[PDB]
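For reference, start_31.csv (CSV, C-alpha atoms):
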chain,number,residue,atom,x,y,z
M,1,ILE,CA,6.6,-0.2,8.7
M,2,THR,CA,6.4,-1.9,12.0
M,3,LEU,CA,5.1,-5.2,13.5
M,4,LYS,CA,4.9,-6.4,17.1
M,5,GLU,CA,3.8,-9.7,18.6
M,6,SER,CA,1.9,-10.3,21.8
M,7,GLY,CA,0.2,-12.9,23.8
M,8,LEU,CA,0.9,-15.5,26.5
M,9,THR,CA,4.5,-16.8,26.3
M,10,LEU,CA,4.3,-19.7,28.7
M,11,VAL,CA,1.7,-22.5,28.7
M,12,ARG,CA,1.6,-26.0,29.9
M,13,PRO,CA,1.2,-28.9,27.4
M,14,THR,CA,-2.2,-29.9,26.1
M,15,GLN,CA,-3.2,-26.3,26.0
M,16,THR,CA,-3.7,-23.8,23.1
M,17,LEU,CA,-1.4,-21.0,21.9
M,18,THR,CA,-2.8,-17.6,21.0
M,19,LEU,CA,-0.8,-14.8,19.4
M,20,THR,CA,-1.7,-11.3,18.1
M,21,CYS,CA,0.4,-9.4,15.5
M,22,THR,CA,-0.6,-5.7,15.5
M,23,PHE,CA,1.1,-3.8,12.7
M,24,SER,CA,1.6,-0.3,11.3
M,25,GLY,CA,2.6,1.0,7.9
M,26,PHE,CA,0.4,-1.2,5.7
M,27,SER,CA,-3.2,-2.4,5.6
M,28,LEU,CA,-4.6,-5.7,4.7
M,29,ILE,CA,-7.0,-4.1,2.2
M,30,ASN,CA,-4.5,-3.1,-0.5
M,31,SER,CA,-3.5,-5.5,-3.2
M,32,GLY,CA,-0.3,-7.4,-2.6
M,33,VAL,CA,-0.1,-6.9,1.2
M,34,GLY,CA,-0.2,-10.1,3.3
M,35,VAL,CA,1.0,-11.2,6.8
M,36,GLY,CA,2.5,-14.5,7.9
M,37,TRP,CA,4.0,-16.3,10.9
M,38,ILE,CA,7.2,-18.2,11.3
M,39,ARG,CA,8.5,-20.1,14.3
M,40,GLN,CA,12.1,-21.2,15.2
M,41,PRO,CA,13.2,-23.5,17.9
M,42,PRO,CA,16.1,-22.4,20.1
M,43,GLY,CA,19.2,-23.0,17.9
M,44,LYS,CA,17.4,-24.6,15.0
M,45,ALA,CA,16.2,-23.5,11.5
M,46,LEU,CA,13.1,-21.5,10.7
M,47,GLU,CA,9.7,-23.1,10.0
M,48,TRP,CA,6.6,-21.7,8.2
M,49,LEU,CA,3.3,-21.8,9.9
M,50,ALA,CA,0.6,-19.9,7.9
M,51,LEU,CA,0.0,-17.0,5.6
M,52,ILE,CA,-3.0,-14.8,4.8
M,53,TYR,CA,-3.2,-12.7,1.7
M,54,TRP,CA,-5.2,-9.5,1.3
M,55,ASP,CA,-8.1,-11.4,-0.4
M,56,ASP,CA,-8.3,-13.8,2.6
M,57,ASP,CA,-6.5,-16.9,1.2
M,58,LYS,CA,-5.5,-18.7,4.4
M,59,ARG,CA,-2.6,-20.9,3.4
M,60,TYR,CA,-1.4,-23.3,6.1
M,61,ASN,CA,1.5,-25.6,6.6
M,62,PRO,CA,0.1,-29.1,5.7
M,63,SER,CA,2.0,-31.0,8.3
M,64,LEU,CA,0.7,-28.6,10.9
M,65,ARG,CA,-2.7,-28.3,9.3
M,66,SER,CA,-5.7,-29.7,11.3
M,67,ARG,CA,-4.2,-27.7,14.2
M,68,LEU,CA,-4.0,-24.2,13.0
M,69,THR,CA,-6.5,-21.4,12.4
M,70,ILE,CA,-5.4,-18.0,11.2
M,71,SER,CA,-7.8,-15.1,11.0
M,72,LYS,CA,-7.6,-11.3,10.6
M,73,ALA,CA,-9.2,-8.5,12.4
M,74,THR,CA,-8.8,-5.7,9.9
M,75,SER,CA,-10.8,-3.2,11.9
M,76,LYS,CA,-8.2,-3.2,14.6
M,77,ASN,CA,-5.3,-3.6,12.1
M,78,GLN,CA,-4.4,-6.8,13.8
M,79,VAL,CA,-4.1,-10.5,13.0
M,80,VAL,CA,-4.7,-13.4,15.3
M,81,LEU,CA,-3.0,-16.8,15.1
M,82,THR,CA,-4.0,-19.8,17.0
M,83,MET,CA,-2.4,-23.2,17.5
M,84,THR,CA,-3.9,-25.9,19.8
M,85,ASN,CA,-2.3,-28.7,21.8
M,86,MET,CA,1.0,-27.2,22.6
M,87,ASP,CA,4.0,-29.3,23.6
M,88,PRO,CA,7.5,-28.7,25.0
M,89,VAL,CA,8.9,-29.2,21.4
M,90,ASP,CA,6.9,-26.1,20.4
M,91,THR,CA,9.2,-23.9,22.4
M,92,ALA,CA,10.4,-21.3,19.9
M,93,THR,CA,10.3,-17.7,18.9
M,94,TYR,CA,7.4,-16.5,16.7
M,95,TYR,CA,7.8,-13.7,14.3
M,96,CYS,CA,5.0,-12.0,12.3
M,97,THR,CA,6.3,-10.9,8.9
M,98,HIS,CA,5.1,-8.9,5.9
M,99,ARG,CA,4.9,-9.6,2.2
M,100,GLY,CA,4.4,-6.7,-0.1
M,101,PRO,CA,5.1,-5.9,-3.7
M,102,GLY,CA,8.5,-5.5,-5.3
M,103,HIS,CA,9.6,-4.3,-8.7
M,104,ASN,CA,9.0,-7.3,-10.9
M,105,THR,CA,8.0,-10.0,-8.4
M,106,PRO,CA,6.3,-10.1,-5.0
M,107,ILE,CA,8.6,-9.6,-2.0
M,108,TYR,CA,8.2,-12.0,0.9
M,109,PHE,CA,9.4,-11.6,4.5
M,110,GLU,CA,11.1,-8.2,3.8
M,111,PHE,CA,10.1,-6.9,7.2
M,112,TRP,CA,9.9,-9.0,10.4
M,113,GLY,CA,8.5,-8.6,13.8
M,114,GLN,CA,10.7,-9.0,16.9
M,115,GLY,CA,9.7,-12.4,18.0
M,116,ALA,CA,7.9,-13.7,21.0
M,117,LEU,CA,9.7,-16.4,22.9
M,118,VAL,CA,7.1,-19.1,23.7
M,119,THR,CA,7.9,-21.7,26.3
M,120,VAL,CA,5.7,-24.8,26.8
M,121,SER,CA,6.5,-26.3,30.2
M,122,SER,CA,5.2,-26.3,33.8
P,1,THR,CA,-0.1,62.8,-48.8
P,2,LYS,CA,1.2,62.5,-52.4
P,3,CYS,CA,-0.2,58.9,-52.6
P,4,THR,CA,-3.7,59.9,-52.0
P,5,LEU,CA,-3.9,62.7,-54.5
P,6,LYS,CA,-1.9,60.7,-57.1
P,7,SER,CA,0.2,63.7,-57.8
P,8,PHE,CA,3.8,64.7,-57.3
P,9,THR,CA,2.8,68.3,-56.5
P,10,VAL,CA,0.4,69.0,-53.6
P,11,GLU,CA,-1.1,72.4,-53.1
P,12,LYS,CA,-1.5,74.4,-50.0
P,13,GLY,CA,-4.1,73.0,-47.6
P,14,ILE,CA,-5.0,70.3,-45.1
P,15,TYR,CA,-5.4,66.7,-46.2
P,16,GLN,CA,-6.8,63.7,-44.3
P,17,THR,CA,-4.4,61.0,-45.4
P,18,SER,CA,-5.1,58.0,-43.1
P,19,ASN,CA,-5.9,56.9,-39.6
P,20,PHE,CA,-3.8,55.3,-36.8
P,21,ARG,CA,-4.7,52.8,-34.1
P,22,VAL,CA,-2.6,51.4,-31.3
P,23,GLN,CA,-2.2,47.7,-31.7
P,24,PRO,CA,-2.8,45.2,-29.0
P,25,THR,CA,0.3,44.2,-27.1
P,26,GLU,CA,-0.9,40.9,-25.6
P,27,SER,CA,-3.5,38.1,-25.6
P,28,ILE,CA,-5.1,36.7,-22.4
P,29,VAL,CA,-7.5,33.8,-21.7
P,30,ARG,CA,-9.6,33.8,-18.6
P,31,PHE,CA,-11.7,30.9,-17.4
P,32,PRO,CA,-13.1,30.0,-13.9
P,33,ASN,CA,-11.4,28.4,-10.9
P,34,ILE,CA,-12.4,25.1,-12.6
P,35,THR,CA,-11.5,22.3,-10.3
P,36,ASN,CA,-13.6,19.1,-10.2
P,37,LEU,CA,-11.5,16.3,-11.8
P,38,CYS,CA,-13.3,13.0,-12.0
P,39,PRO,CA,-12.1,9.7,-10.6
P,40,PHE,CA,-9.4,8.3,-12.8
P,41,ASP,CA,-7.4,7.8,-9.7
P,42,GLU,CA,-10.1,5.5,-8.4
P,43,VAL,CA,-10.3,3.2,-11.4
P,44,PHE,CA,-6.5,2.9,-11.9
P,45,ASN,CA,-5.6,2.7,-8.3
P,46,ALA,CA,-8.5,0.5,-7.4
P,47,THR,CA,-8.0,-1.7,-4.4
P,48,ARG,CA,-9.0,-5.0,-6.0
P,49,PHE,CA,-9.5,-5.6,-9.7
Would you kindly transcribe this structure into structure tokens?
Amino acid sequence: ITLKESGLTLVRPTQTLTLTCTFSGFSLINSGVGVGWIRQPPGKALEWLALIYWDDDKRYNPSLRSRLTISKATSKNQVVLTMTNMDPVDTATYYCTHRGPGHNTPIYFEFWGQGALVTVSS
Amino acid sequence: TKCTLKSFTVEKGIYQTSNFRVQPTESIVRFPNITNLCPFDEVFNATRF
């Protein structure tokens, strides 16, 4: 099972961030399977952005709602995340992670991407 | 031979006492290459109930 992030890593403020997690080893058509995004500032704790189950349940972080749109492109086995109005405080690493089934309860974040350092400056 | 004539003394001659028949040594069942299982793996491993 593998994940990999990609997009533009540097953008000025008042612009929009786009990221694309292309994965391999699971499909967002089975039951259970889902894909999420988590950002982490440099030297800080993690933060949850959004999540999208296999039946298209687009959960969002409320405080970051009204800014986020998550969508899937299952045909290409890839997911796209979008966050507008970037700022220098949004400099972080963005991982795309996987939630599958366990043995008596769903597993969450068992496998991670490798991050994509995103800098917002000029 | 005595049992057929019901007599302890049998006279000179030829007598047809019984018959013999080799018995079957095995039993076999033979049916065609029958292979066409129906989809239980589709209703139990369905994608979304």
* **Expected answer as a list in words: chain P residues within 9 Å of chain M, only C-alpha atoms** =>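 Putting it all together, I get residues 46, 47, 48 and 49 of chain P.
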Would you write out those residues with C-alpha atoms, as a PDB file, in the frame of the given file?
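New file selection_13.pdb:
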ATOM      1  CA  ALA P  46      -8.500   0.500  -7.400  1.00  0.00           C
ATOM      2  CA  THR P  47      -8.000  -1.700  -4.400  1.00  0.00           C
ATOM      3  CA  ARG P  48      -9.000  -5.000  -6.000  1.00  0.00           C
ATOM      4  CA  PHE P  49      -9.500  -5.600  -9.700  1.00  0.00           C
TER       5      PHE P  49
END
* To do: Find, counting all atoms listed in the file, the residue in M:49, M:33, M:120, M:73 that gets nearest to residue 16 (chain M).
  =>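 Nearest candidate to residue 16 (chain M) out of M:49, M:33, M:120, M:73: M:120.
Reported to one decimal place, the separation of CA of residue 23 (chain M) from CA of residue 78 (chain M) is 6.4 Å.
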* Asked: What is the CA of residue 92 (chain M)-CA of residue 75 (chain M) distance in Å, reported with one decimal?
  ->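 Between CA of residue 92 (chain M) and CA of residue 75 (chain M) the gap works out to 29.0 Å.
Ranking M:68, M:104, M:48, M:6 by their shortest atom-to-atom distance to residue 86 (chain M), with only C-alpha atoms included, puts M:68 first.
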* Tell me which protein, DNA and RNA residues are within 7 Å of residue 22 (chain M), counting only C-alpha atoms, leaving out same-chain ones fewer than 3 positions away, and put them as a count of residues only. => 6
* To do: Find the distance between CA of residue 81 (chain M) and CA of residue 94 (chain M) and write it in Å to one decimal.
  => 10.5 Å
